[PDB]
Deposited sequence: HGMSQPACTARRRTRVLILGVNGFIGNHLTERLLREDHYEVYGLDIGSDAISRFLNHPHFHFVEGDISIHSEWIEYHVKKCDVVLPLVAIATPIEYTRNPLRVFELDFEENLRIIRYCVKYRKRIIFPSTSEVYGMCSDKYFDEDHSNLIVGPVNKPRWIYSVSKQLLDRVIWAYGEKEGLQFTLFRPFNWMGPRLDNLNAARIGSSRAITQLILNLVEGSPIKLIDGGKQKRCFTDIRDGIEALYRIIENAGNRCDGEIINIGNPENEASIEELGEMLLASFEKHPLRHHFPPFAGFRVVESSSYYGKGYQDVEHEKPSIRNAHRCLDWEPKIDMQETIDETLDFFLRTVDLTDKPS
């Protein structure tokens, strides 16, 4: 069986991916993290092995697990907008420098790396559909520090591409577009995965604070149910016919497009009709705020079509209802 090393397994993607791989009987999962509360259900599974670790502290212990395994999925990164500007240097050191160390262990021991790039690399790209192979990448002047995350991730993609081109690194990059479903990552957990925007909104409803609409909340986004997203990630790991080698693949549902405002209204509506609504405060309402932005973020999914024979199935309403439902029933009221 194939050994899958998941760095930063204690969260949204690690939970769903692990459940997926373990349902099949030809995988061995090694989940590395500093905690295990998010995947405790798997600690006793015969084919899951928790590994104590931190990519900023451990060097050797991680290198060892890269040599021991077959496929590597590094999910540790700080991807919360306020941080790009609040603690830029840490975002850079963790997201760029520490992950570069892991990319290098992979080329050194000739292992396969499945790397989470980001939908933010496209920046202010004018294409209606962001294309992994044709769209230009657009960011603002260096005096707009918000772009440091975007560019750091883009540079890593290029370094990976160079290793694959000059040193035989076998890799696949994937770019998730607002994945959502049960077991969302904490708003400030340094793990790549769940949509921060929908997480923030649900928190607004749960805590009784207002839903802020930056300049009207007109910017559009696409949302993907984790059942669809993880199926695609799963197929990248399978890599049938080796079709994913050297590929960059957007993973999103371009049909589930909505403005921040409409998404807010959809969650509210689903929220108002929920059986546990009374355990939460009254809706505080929509606050129009006004403070560099991205006005649209829709993916082209031709590569996912080609390399994975994948098409997203769950409609917007289903994703919304299920994500909110699991969240509300999981909250500790006391």
- prompt: What residue ranges of the deposited sequence are absent from the coordinates?
  reply: 1-12, 304-311, 355-358
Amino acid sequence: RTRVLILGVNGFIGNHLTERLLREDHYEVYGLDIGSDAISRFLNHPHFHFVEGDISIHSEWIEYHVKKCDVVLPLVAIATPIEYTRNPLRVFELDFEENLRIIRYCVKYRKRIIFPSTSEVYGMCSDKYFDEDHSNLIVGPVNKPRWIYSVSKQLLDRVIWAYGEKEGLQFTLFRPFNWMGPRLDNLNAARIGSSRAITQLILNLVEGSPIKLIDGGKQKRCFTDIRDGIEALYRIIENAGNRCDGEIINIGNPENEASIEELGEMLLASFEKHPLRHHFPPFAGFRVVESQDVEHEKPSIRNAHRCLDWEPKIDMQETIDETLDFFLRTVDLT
From here on, numbers count along this sequence of modelled residues.
field: 83-91 versus 101-109 - which carries the larger mean C-alpha B factor in the record
entry: 83-91
statement: Going by the entry, of stretches 257-265 and 133-141 the one with greater average Cα B-factor is 257-265
- request: Specify which of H305, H65, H26, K298 carries the largest Cα B factor in the deposited PDB entry.
  value: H26
task: Would you mind ranking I39 by its C-alpha B-factor against the rest of the chain and naming the third, lowest, middle or highest?
output: highest
- request: Give the position of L276 by CA B-factor within its chain, expressed as the lowest, middle or highest third.
  value: highest
Position of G31 among the chain's modelled residues by C-alpha B-factor, lowest, middle or highest third: middle
task: Would you mind checking where the Cα B-factor of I320 ranks among the modelled residues of its chain, as the lowest, middle or highest third?
output: highest
query: Within this chain, which third does the Cα B-factor at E247 fall in: lowest, middle or highest?
result: lowest
